[PDB]
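A.B. asks: What follows is final.txt; its format and atoms are compact mmCIF, C-alpha atoms.
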# COMPACT_ATOMS: atom_id res chain seq x y z
CA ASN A 1 11.15 33.12 0.14
CA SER A 2 9.32 30.84 -2.32
CA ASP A 3 12.44 28.64 -2.35
CA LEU A 4 10.29 25.78 -1.05
CA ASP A 5 9.02 25.29 -4.61
CA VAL A 6 10.08 22.21 -6.57
CA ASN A 7 11.71 22.15 -10.00
CA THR A 8 9.65 19.58 -11.91
CA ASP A 9 8.88 19.27 -15.63
CA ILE A 10 5.31 20.28 -16.46
CA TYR A 11 5.34 17.38 -18.92
CA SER A 12 6.12 14.99 -16.06
CA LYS A 13 3.45 16.62 -13.88
CA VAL A 14 0.78 16.13 -16.53
CA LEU A 15 2.14 12.62 -17.10
CA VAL A 16 1.83 11.43 -13.49
CA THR A 17 -1.47 13.31 -13.31
CA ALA A 18 -3.02 11.34 -16.17
CA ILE A 19 -1.43 8.15 -14.82
CA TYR A 20 -2.94 8.79 -11.39
CA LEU A 21 -6.30 9.40 -13.07
CA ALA A 22 -6.15 6.07 -14.90
CA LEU A 23 -5.03 4.19 -11.79
CA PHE A 24 -7.77 5.96 -9.85
CA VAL A 25 -10.61 5.00 -12.18
CA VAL A 26 -9.34 1.46 -12.81
CA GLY A 27 -8.59 0.72 -9.15
CA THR A 28 -11.78 2.29 -7.81
CA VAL A 29 -14.06 0.52 -10.27
CA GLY A 30 -12.15 -2.74 -9.88
CA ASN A 31 -12.08 -2.93 -6.09
CA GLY A 32 -15.56 -1.42 -5.79
CA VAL A 33 -17.31 -3.86 -8.11
CA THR A 34 -15.16 -6.53 -6.45
CA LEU A 35 -16.61 -5.63 -3.06
CA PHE A 36 -20.16 -5.63 -4.43
CA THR A 37 -19.40 -8.98 -6.07
CA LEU A 38 -18.25 -10.52 -2.78
CA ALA A 39 -21.72 -10.11 -1.27
CA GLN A 40 -19.85 -21.01 1.31
CA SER A 41 -17.65 -23.87 2.53
CA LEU A 42 -14.21 -22.24 2.59
CA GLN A 43 -14.06 -19.51 -0.06
CA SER A 44 -16.16 -17.25 2.18
CA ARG A 45 -13.12 -16.69 4.41
CA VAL A 46 -10.75 -15.80 1.57
CA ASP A 47 -13.58 -13.54 0.38
CA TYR A 48 -13.40 -11.78 3.74
CA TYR A 49 -9.63 -11.41 3.37
CA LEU A 50 -9.98 -10.14 -0.20
CA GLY A 51 -12.69 -7.87 1.18
CA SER A 52 -10.20 -6.35 3.61
CA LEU A 53 -7.57 -6.02 0.86
CA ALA A 54 -9.87 -4.37 -1.69
CA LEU A 55 -11.20 -2.17 1.11
CA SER A 56 -7.69 -0.95 1.93
CA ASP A 57 -7.06 -0.41 -1.78
CA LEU A 58 -10.27 1.62 -1.94
CA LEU A 59 -9.07 3.67 1.03
CA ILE A 60 -5.73 4.55 -0.53
CA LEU A 61 -7.21 5.14 -3.99
CA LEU A 62 -10.22 7.24 -2.98
CA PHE A 63 -8.60 9.17 -0.13
CA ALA A 64 -4.81 9.32 -0.58
CA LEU A 65 -4.76 9.99 -4.34
CA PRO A 66 -6.38 13.44 -4.60
CA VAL A 67 -4.32 14.70 -1.66
CA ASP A 68 -1.18 13.41 -3.37
CA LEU A 69 -2.09 15.01 -6.71
CA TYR A 70 -3.07 18.41 -5.35
CA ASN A 71 -0.33 19.20 -2.82
CA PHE A 72 2.49 16.69 -3.23
CA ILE A 73 2.77 16.95 -7.02
CA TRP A 74 1.06 20.18 -8.14
CA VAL A 75 1.03 22.67 -5.26
CA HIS A 76 4.11 21.73 -3.17
CA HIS A 77 3.36 24.56 -0.74
CA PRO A 78 1.60 25.80 1.26
CA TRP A 79 -0.30 22.95 2.90
CA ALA A 80 -3.93 23.86 2.24
CA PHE A 81 -5.57 21.26 4.47
CA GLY A 82 -5.48 20.99 8.25
CA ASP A 83 -3.11 19.22 10.62
CA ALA A 84 -5.76 16.53 10.98
CA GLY A 85 -5.52 16.31 7.20
CA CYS A 86 -1.77 15.64 7.31
CA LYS A 87 -1.56 13.33 10.33
CA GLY A 88 -4.75 11.58 9.25
CA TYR A 89 -3.35 11.14 5.75
CA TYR A 90 -0.07 9.52 6.79
CA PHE A 91 -1.85 7.48 9.47
CA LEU A 92 -4.29 6.25 6.84
CA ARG A 93 -1.45 5.29 4.50
CA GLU A 94 0.54 3.38 7.11
CA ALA A 95 -2.55 1.66 8.55
CA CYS A 96 -3.48 0.56 5.03
CA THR A 97 0.03 -0.80 4.46
CA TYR A 98 0.04 -2.81 7.69
CA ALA A 99 -3.48 -4.07 6.95
CA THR A 100 -2.50 -5.17 3.45
CA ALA A 101 0.66 -6.92 4.67
CA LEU A 102 -1.15 -8.77 7.45
CA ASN A 103 -3.90 -9.78 5.02
CA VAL A 104 -1.31 -11.21 2.62
CA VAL A 105 0.60 -13.14 5.28
CA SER A 106 -2.60 -14.51 6.83
CA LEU A 107 -3.75 -15.48 3.34
CA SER A 108 -0.54 -17.44 2.81
CA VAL A 109 -1.04 -19.14 6.17
CA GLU A 110 -4.66 -20.08 5.47
CA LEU A 111 -3.69 -21.32 2.00
CA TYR A 112 -0.90 -23.55 3.31
CA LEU A 113 -3.25 -24.86 6.00
CA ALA A 114 -5.96 -25.36 3.36
CA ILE A 115 -3.81 -27.53 1.08
CA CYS A 116 -1.68 -29.40 3.63
CA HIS A 117 -4.28 -29.92 6.37
CA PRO A 118 -7.86 -30.13 5.00
CA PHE A 119 -8.81 -31.90 8.24
CA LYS A 120 -8.05 -28.72 10.16
CA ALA A 121 -9.05 -26.35 7.36
CA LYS A 122 -12.69 -26.34 8.45
CA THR A 123 -12.22 -26.10 12.24
CA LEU A 124 -9.52 -23.40 12.40
CA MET A 125 -11.56 -20.26 11.66
CA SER A 126 -15.33 -19.98 11.60
CA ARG A 127 -16.62 -16.99 9.60
CA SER A 128 -17.46 -15.10 12.79
CA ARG A 129 -13.97 -15.66 14.20
CA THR A 130 -12.65 -14.82 10.73
CA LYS A 131 -14.34 -11.41 10.74
CA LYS A 132 -13.04 -10.96 14.29
CA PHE A 133 -9.56 -11.66 12.94
CA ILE A 134 -10.10 -9.10 10.17
CA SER A 135 -11.14 -6.43 12.66
CA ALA A 136 -8.08 -7.50 14.66
CA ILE A 137 -5.92 -6.84 11.60
CA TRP A 138 -7.52 -3.41 11.23
CA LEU A 139 -7.04 -2.36 14.86
CA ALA A 140 -3.50 -3.73 15.07
CA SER A 141 -2.69 -1.86 11.86
CA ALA A 142 -4.06 1.30 13.48
CA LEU A 143 -1.97 0.72 16.62
CA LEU A 144 1.13 0.37 14.45
CA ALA A 145 0.12 3.44 12.43
CA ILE A 146 -0.18 5.56 15.60
CA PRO A 147 3.34 7.16 15.42
CA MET A 148 2.36 9.06 12.25
CA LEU A 149 -0.08 11.06 14.36
CA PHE A 150 2.94 12.12 16.42
CA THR A 151 5.69 11.98 13.79
CA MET A 152 4.05 14.05 11.07
CA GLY A 153 2.82 17.61 11.49
CA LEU A 154 3.16 21.16 10.18
CA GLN A 155 6.16 23.51 10.14
CA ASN A 156 6.64 26.93 8.55
CA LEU A 157 9.96 26.63 6.73
CA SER A 158 9.84 30.04 5.02
CA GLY A 159 13.16 30.84 6.71
CA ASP A 160 11.68 33.10 9.37
CA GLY A 161 8.70 30.81 9.88
CA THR A 162 6.31 33.75 9.74
CA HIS A 163 5.41 33.70 6.03
CA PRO A 164 2.08 31.89 5.37
CA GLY A 165 3.43 30.48 2.10
CA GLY A 166 6.03 28.55 4.07
CA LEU A 167 3.54 26.29 5.85
CA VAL A 168 4.53 22.68 5.17
CA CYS A 169 3.19 19.25 6.15
CA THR A 170 6.49 17.81 7.37
CA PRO A 171 7.82 15.45 10.05
CA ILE A 172 8.13 17.53 13.22
CA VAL A 173 10.19 14.95 15.11
CA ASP A 174 13.99 14.74 15.17
CA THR A 175 16.14 13.01 12.55
CA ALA A 176 17.03 10.09 14.83
CA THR A 177 13.49 9.16 15.86
CA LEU A 178 12.53 9.65 12.22
CA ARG A 179 15.10 7.03 11.21
CA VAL A 180 13.63 4.86 13.95
CA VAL A 181 9.99 5.03 12.81
CA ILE A 182 10.95 4.71 9.13
CA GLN A 183 12.80 1.54 10.13
CA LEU A 184 9.71 0.35 12.03
CA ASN A 185 7.47 0.75 8.99
CA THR A 186 10.06 -0.71 6.61
CA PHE A 187 10.66 -3.84 8.69
CA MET A 188 7.11 -4.51 9.87
CA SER A 189 5.04 -3.39 6.88
CA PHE A 190 7.35 -4.68 4.16
CA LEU A 191 10.47 -6.78 4.80
CA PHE A 192 9.39 -9.27 7.49
CA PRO A 193 5.78 -9.89 6.35
CA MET A 194 6.68 -10.31 2.66
CA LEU A 195 9.54 -12.56 3.70
CA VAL A 196 7.13 -14.76 5.65
CA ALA A 197 4.63 -14.72 2.78
CA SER A 198 7.34 -15.61 0.25
CA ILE A 199 8.50 -18.50 2.45
CA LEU A 200 4.94 -19.77 2.81
CA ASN A 201 4.52 -19.48 -0.96
CA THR A 202 7.67 -21.50 -1.61
CA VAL A 203 6.58 -24.18 0.86
CA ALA A 204 3.04 -24.17 -0.53
CA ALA A 205 4.40 -24.65 -4.05
CA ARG A 206 6.81 -27.43 -3.06
CA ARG A 207 4.22 -29.36 -1.05
CA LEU A 208 1.76 -28.77 -3.88
CA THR A 209 4.14 -30.46 -6.30
CA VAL A 210 4.46 -33.16 -3.63
CA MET A 211 0.71 -33.73 -3.31
CA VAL A 212 0.32 -34.20 -7.07
CA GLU A 213 -11.30 -35.16 -6.15
CA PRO A 214 -8.51 -34.64 -8.66
CA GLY A 215 -10.16 -31.50 -10.06
CA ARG A 216 -9.81 -29.57 -6.80
CA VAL A 217 -6.07 -29.17 -7.31
CA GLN A 218 -6.81 -27.18 -10.47
CA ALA A 219 -8.61 -24.54 -8.39
CA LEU A 220 -6.18 -24.51 -5.48
CA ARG A 221 -3.21 -24.17 -7.84
CA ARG A 222 -4.99 -21.16 -9.34
CA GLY A 223 -5.20 -19.79 -5.81
CA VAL A 224 -1.47 -20.33 -5.32
CA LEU A 225 -0.47 -18.60 -8.57
CA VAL A 226 -2.75 -15.64 -7.80
CA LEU A 227 -1.12 -15.34 -4.37
CA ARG A 228 2.34 -15.47 -5.95
CA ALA A 229 1.47 -12.68 -8.38
CA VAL A 230 0.08 -10.56 -5.55
CA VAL A 231 3.20 -11.04 -3.41
CA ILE A 232 5.74 -10.32 -6.15
CA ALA A 233 3.76 -7.28 -7.31
CA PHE A 234 3.63 -6.05 -3.72
CA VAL A 235 7.34 -6.35 -2.97
CA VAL A 236 8.44 -5.03 -6.38
CA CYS A 237 6.08 -2.04 -6.07
CA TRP A 238 6.76 -1.09 -2.44
CA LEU A 239 10.54 -1.58 -2.60
CA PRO A 240 11.49 1.82 -4.06
CA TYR A 241 8.88 3.52 -1.86
CA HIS A 242 10.58 2.35 1.34
CA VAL A 243 14.02 3.01 -0.14
CA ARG A 244 12.90 6.56 -0.95
CA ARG A 245 11.86 7.08 2.67
CA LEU A 246 15.18 5.59 3.76
CA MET A 247 16.88 7.85 1.22
CA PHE A 248 14.94 10.79 2.68
CA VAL A 249 16.78 10.53 6.01
CA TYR A 250 20.01 8.64 5.27
CA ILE A 251 21.36 11.60 3.29
CA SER A 252 22.95 14.51 5.18
CA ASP A 253 22.17 18.19 4.60
CA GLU A 254 25.63 18.84 3.17
CA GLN A 255 25.03 16.00 0.72
CA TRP A 256 21.58 17.35 -0.16
CA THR A 257 22.00 19.47 -3.29
CA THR A 258 19.45 20.71 -5.82
CA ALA A 259 20.25 17.74 -8.06
CA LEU A 260 19.49 15.17 -5.35
CA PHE A 261 16.48 17.32 -4.45
CA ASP A 262 14.81 17.25 -7.86
CA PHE A 263 15.93 13.64 -8.33
CA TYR A 264 14.27 12.78 -5.01
CA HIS A 265 11.08 14.40 -6.27
CA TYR A 266 10.98 12.60 -9.63
CA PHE A 267 11.73 9.43 -7.67
CA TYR A 268 8.79 10.37 -5.45
CA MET A 269 6.56 10.61 -8.52
CA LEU A 270 7.84 7.23 -9.72
CA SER A 271 7.62 5.37 -6.40
CA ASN A 272 4.16 6.68 -5.51
CA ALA A 273 2.96 5.86 -9.02
CA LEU A 274 4.20 2.32 -8.41
CA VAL A 275 2.33 2.30 -5.09
CA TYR A 276 -0.99 3.23 -6.69
CA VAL A 277 -0.25 0.64 -9.37
CA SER A 278 0.09 -1.92 -6.57
CA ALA A 279 -3.25 -0.66 -5.29
CA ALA A 280 -5.06 -1.04 -8.62
CA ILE A 281 -3.38 -4.32 -9.63
CA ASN A 282 -5.41 -6.58 -7.32
CA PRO A 283 -8.77 -6.82 -9.12
CA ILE A 284 -6.89 -7.38 -12.39
CA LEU A 285 -5.00 -10.31 -10.87
CA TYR A 286 -8.35 -11.68 -9.70
CA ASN A 287 -10.26 -11.34 -12.98
CA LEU A 288 -7.55 -12.57 -15.37
CA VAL A 289 -6.88 -15.88 -13.62
CA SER A 290 -10.30 -16.78 -12.18
CA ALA A 291 -12.55 -16.22 -15.24
CA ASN A 292 -15.63 -16.76 -13.04
CA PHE A 293 -14.85 -13.62 -11.06
CA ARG A 294 -14.56 -11.91 -14.44
CA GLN A 295 -17.91 -13.17 -15.74
CA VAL A 296 -19.73 -12.20 -12.54
CA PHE A 297 -17.82 -8.89 -12.64
CA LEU A 298 -19.14 -8.22 -16.13
CA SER A 299 -22.57 -9.34 -14.92
CA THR A 300 -22.58 -6.84 -12.05
CA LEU A 301 -21.22 -3.96 -14.13
CA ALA A 302 -24.01 -4.84 -16.54
CA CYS A 303 -26.39 -4.62 -13.58
CA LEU A 304 -25.16 -1.11 -12.79
CA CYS A 305 -24.46 0.35 -16.24
CA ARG B 1 18.89 21.56 1.02
CA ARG B 2 16.86 18.70 2.51
CA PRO B 3 13.40 17.85 1.07
CA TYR B 4 10.31 18.33 3.25
CA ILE B 5 8.00 15.73 1.68
As structure tokens, how would this structure be written, given the file I've shared?
C.D. replies:
Amino acid sequence: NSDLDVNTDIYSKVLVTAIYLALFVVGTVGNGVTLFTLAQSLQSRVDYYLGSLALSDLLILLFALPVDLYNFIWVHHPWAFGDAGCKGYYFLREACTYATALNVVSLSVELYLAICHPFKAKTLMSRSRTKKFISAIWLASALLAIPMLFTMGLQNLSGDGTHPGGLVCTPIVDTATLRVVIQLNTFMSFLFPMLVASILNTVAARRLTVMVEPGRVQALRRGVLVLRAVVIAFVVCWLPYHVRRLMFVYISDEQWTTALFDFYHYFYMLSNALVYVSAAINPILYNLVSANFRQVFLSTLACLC
Amino acid sequence: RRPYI
């Protein structure tokens, strides 16, 4: 009884709490004012993509954060929400990850096509078809996020399973299928797409150096660098997250001691913190490099006040 | 003792 509790420093709890607060405010204000700011020849399309990205960021920040703070870090048990809360939460997370990844890859594609083939850069995707492609990204992401509605659930692990304080939002499915779905998310929402995006970034950079209306290159290069920053930040932030989930299953029960338990939890704090950092980092990467986005940002926040 | 989160 009550063994389901987690040994975590109160100092660390308050730490990640404050951190999550900062990331929450910064990310929410950033992506929000970004979305209001978004409201053109080509940049309209990349504005739609950035719209999708900042939207996903807003989803994770607004919705996933307070759930994470309350139960995952502070409460531990019992799960206070409903099953729809759990399944919906994980589904939301995964869908957001897939959406983000697809947005990034598609952005790399459209950038490469923009710089290398300007003749086909106007005909390839009209804004209508672009929005259709965005909705396509959303729905596909949902389809890929579907397993979480089946994988995750609730189990009473109070030993007898009768004690109310033992209710836990946990994966109901077996260890094997768990390994399977974790692999699915790791490959499709991280490894493969970021690999493709990195490749397209390398090629874009090389052919950019090859290509070198002279002023236009100054803007497109800016685009490239921004993309690079986004990609590297993504991979570097999501890497321990996926490893943690791999760690979660690739370690046997006999190997699972209290040390690896608490360590897994501090690593959870760390990795998730890095995730929310990756969420809030986008508008900062936009403002810093673009300057114009920053001036109109300041203009709009001056409009609100 | 396997974690549940």
A.B. asks: Counting all atoms listed in the file, figure out which residue out of A:177, A:271, A:257, A:287 gets nearest to chain B.
C.D. replies: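 Closest to chain B, using all atoms listed in the file: A:257.
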A.B. asks: Counting all atoms listed in the file, which residue out of A:192, A:205, A:244, A:279 sits closest to residue 263 of chain A?
C.D. replies: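 Among the listed residues, the smallest separation from residue 263 of chain A belongs to A:244.
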A.B. asks: Could you give me, as a Markdown table, every segment 32-91 of chain A residue with an atom at most 12 Å from segment 226-230 of chain A, plus its closest atom pair and distance in Å to one decimal, counting all atoms listed in the file, rows ordered by chain then number?
C.D. replies:
| residue | atom | partner | partner_atom | distance |
| --- | --- | --- | --- | --- |
| A:46 | CA | A:227 | CA | 11.3 |
| A:50 | CA | A:227 | CA | 11.1 |
| A:53 | CA | A:230 | CA | 11.0 |
A.B. asks: Select, as a short mmCIF file (atom, residue, chain, number, x, y, z; two decimals) with C-alpha atoms, in the frame of the given file, those residues of chain B with any atom no more than 6 Å from chain A (distances computed using only C-alpha atoms).
C.D. replies:
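Contents of iface14.cif, as written:
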data_model
loop_
_atom_site.label_atom_id
_atom_site.label_comp_id
_atom_site.auth_asym_id
_atom_site.auth_seq_id
_atom_site.Cartn_x
_atom_site.Cartn_y
_atom_site.Cartn_z
CA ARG B 1 18.89 21.56 1.02
CA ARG B 2 16.86 18.70 2.51
CA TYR B 4 10.31 18.33 3.25
#
A.B. asks: For residue 25 of chain A, find every residue with an atom within 10 Å (counting all atoms listed in the file), except residues of its own chain fewer than 6 positions away, and show them as JSON, numbers by chain.
C.D. replies: {"A": [61, 62, 280]}
A.B. asks: May I ask for the distance between atom CA of residue 114 of chain A and atom CA of residue 42 of chain A, given in Å to one decimal place?
C.D. replies: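 Result for atom CA of residue 114 of chain A versus atom CA of residue 42 of chain A: 8.9 Å, one decimal.
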A.B. asks: Work out how far atom CA of residue 23 of chain A is from atom CA of residue 54 of chain A, in Å to one decimal.
C.D. replies: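 According to the coordinates, atom CA of residue 54 of chain A and atom CA of residue 23 of chain A are separated by 14.1 Å.
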A.B. asks: Skip segment 119-128 of chain A itself and residues of its chain fewer than 6 positions away, then list as a ChimeraX atom specification all residues within 12 Å of it, counting only C-alpha atoms.
C.D. replies: /A:40-49,106,109-113,134-135
A.B. asks: Those residues with C-alpha atoms, as a short mmCIF file (atom, residue, chain, number, x, y, z; two decimals), in the coordinates of the input please?
C.D. replies:
data_model
loop_
_atom_site.label_atom_id
_atom_site.label_comp_id
_atom_site.auth_asym_id
_atom_site.auth_seq_id
_atom_site.Cartn_x
_atom_site.Cartn_y
_atom_site.Cartn_z
CA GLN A 40 -19.85 -21.01 1.31
CA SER A 41 -17.65 -23.87 2.53
CA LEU A 42 -14.21 -22.24 2.59
CA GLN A 43 -14.06 -19.51 -0.06
CA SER A 44 -16.16 -17.25 2.18
CA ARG A 45 -13.12 -16.69 4.41
CA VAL A 46 -10.75 -15.80 1.57
CA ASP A 47 -13.58 -13.54 0.38
CA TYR A 48 -13.40 -11.78 3.74
CA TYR A 49 -9.63 -11.41 3.37
CA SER A 106 -2.60 -14.51 6.83
CA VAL A 109 -1.04 -19.14 6.17
CA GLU A 110 -4.66 -20.08 5.47
CA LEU A 111 -3.69 -21.32 2.00
CA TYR A 112 -0.90 -23.55 3.31
CA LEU A 113 -3.25 -24.86 6.00
CA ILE A 134 -10.10 -9.10 10.17
CA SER A 135 -11.14 -6.43 12.66
#
A.B. asks: Between A:296, A:148, A:90, A:282, which has the minimum distance to residue 31 of chain A (counting all atoms listed in the file)?
C.D. replies: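 Of all the options, A:282 lies closest to residue 31 of chain A.
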A.B. asks: Using atom CA of residue 145 of chain A and atom CA of residue 66 of chain A as the two end points, give the distance in Å to one decimal.
C.D. replies: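 Separation of atom CA of residue 145 of chain A and atom CA of residue 66 of chain A: 20.8 Å.
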A.B. asks: At a cut-off of 12 Å around the point (-6.9, 7.3, 10.8) (file coordinates), what residues fall inside when counting all atoms listed in the file? I'd like the answer as a list in words.
C.D. replies: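 Checked against the point, the hits come out as residues 59, 60, 63, 64, 84, 85, 86, 87, 88, 89, 90, 91, 92, 93, 94, 95, 96, 138, 139, 141, 142, 143, 144, 145, 146, 147, 148 and 149 of chain A.
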A.B. asks: My list of candidates is A:299, A:151, A:56, A:272. Which is closest to residue 27 of chain A when distances are computed with only C-alpha atoms?
C.D. replies: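 The closest residue to residue 27 of chain A is A:56.
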